[PDB]
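See structure below.
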Amino acid sequence: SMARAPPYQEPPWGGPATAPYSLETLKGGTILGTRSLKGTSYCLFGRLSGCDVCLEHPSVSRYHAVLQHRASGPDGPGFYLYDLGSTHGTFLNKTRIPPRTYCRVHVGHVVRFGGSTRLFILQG
Amino acid sequence: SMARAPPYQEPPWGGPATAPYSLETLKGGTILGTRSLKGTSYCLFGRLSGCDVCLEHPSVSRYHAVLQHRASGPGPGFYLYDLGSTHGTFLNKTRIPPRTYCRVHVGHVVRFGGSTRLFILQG
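Structure representation (structure tokens):
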């Protein structure tokens, strides 16, 4: 069979995060760990082991969503959520975002994928 | 009926938040809602009805803590200040010292006493 394409193409405006932004995980009222976004151009979330963040919940799509960073100017931050046509949705605070549409993630905003219990907080 | 005034003195460096900052409230992995911090210098938390954020949990003090904004000059400056609460104020995974300003970076989590409610500073 013909080898599948990668699930996502980084847009021309994408680039690595240079400032010390991070993603903090919450699970059911409990603060878990923090993942640095420094040096990250984009973070791919999904149930497949090949994702940058591998979610276990069966409602999460194999390739679910991407958090894309906009290239920093020469010098707030430009992070955008992009749902890959997920089966059970991507949520930015309470809103289910439209598929395949870049949605700005302001600092402190919460992201949830499908029915996963994990919440991800963009932090500065 | 009505209570005494809170034991808080707005510091000289305090001033109103002009940018659209807010507090997102969570409980048990569920997002509850958002509280705008627009047009306020400080947000008072506690069990008394006079607080800006009124918590019902009995472990939350009558006047528990303040989130104080630093006056904008010519990262936002928000600082948490526990009013000597009996059962503590938590920032990140730490119970903060009483009556000490502690920087709350955007997206960081605040909790009061034994309450399961979480507050996230958002931009």
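Residue numbers (the deposited numbering), protein chains in the order written: chain A, -1 to 0, 149 to 221, 228 to 276; chain B, -1 to 0, 149 to 220, 228 to 276.
Heads up, the beta-carbon is just placed ideally off N, CA and C, and yes, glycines get one too.
Around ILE273 of chain B, the beta-carbon contacts reaching into chain A at under 8 Å are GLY260, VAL262 and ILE273.
Taking CB atoms only, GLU202 of chain B has no neighbour in chain A less than 8 Å away. In the structure shown, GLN214 of chain B falls within a strand segment according to DSSP collapsed to helix, strand and coil. In this structure, the alpha-carbon of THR164 of chain A lies about 7 Å from that of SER218 of chain A. Against chain B, the CB of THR242 of chain A has no partner CB under 8 Å away; the residue lies outside that interface.
By the neighbour-count definition (other C-beta atoms within 10 Å, threshold 16), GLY185 of chain A is an exposed residue.
Here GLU170 of chain A carries a strand assignment [DSSP, helix/strand/coil]. Listed by position along chain A, the residues whose Cβ is nearer than 8 Å to that of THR269 of chain B are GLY175.
Cα atoms of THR242 of chain B and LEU169 of chain B: separation of roughly 16 Å, rounded to the nearest angstrom. In terms of CA proximity to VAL206 of chain A, A:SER195 leads the group A:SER187, A:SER195, A:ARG216 and A:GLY179.
In the structure shown, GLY179 of chain A falls within a strand segment according to DSSP collapsed to helix, strand and coil.
With its beta carbon at least 8 Å from every one in chain A, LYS184 of chain B lies outside the interface.
Membership of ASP235 of chain B in the beta strand (DSSP E) is indicated by the continuous run 231 to 235. Beyond the five residues adjoining it in sequence on each side, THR269 of chain A comes within less than 8 Å, by CB distance, of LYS173, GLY174 and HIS203 in the same chain, given in chain order. Here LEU178 of chain A is exposed: its Cβ has fewer than 16 other Cβ atoms, across all protein chains shown, within 10 Å.
DSSP places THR186 of chain A in the coil class of the three-state scheme, outside both helix and strand.
The beta carbon of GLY230 of chain A sits closer than 6 Å to those of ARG216, all from its chain and outside the five residues before and after it, given in chain order. Just measuring C-alpha positions, the residue of B:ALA149, B:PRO153, B:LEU201 and B:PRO250 sitting nearest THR171 of chain B is B:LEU201.
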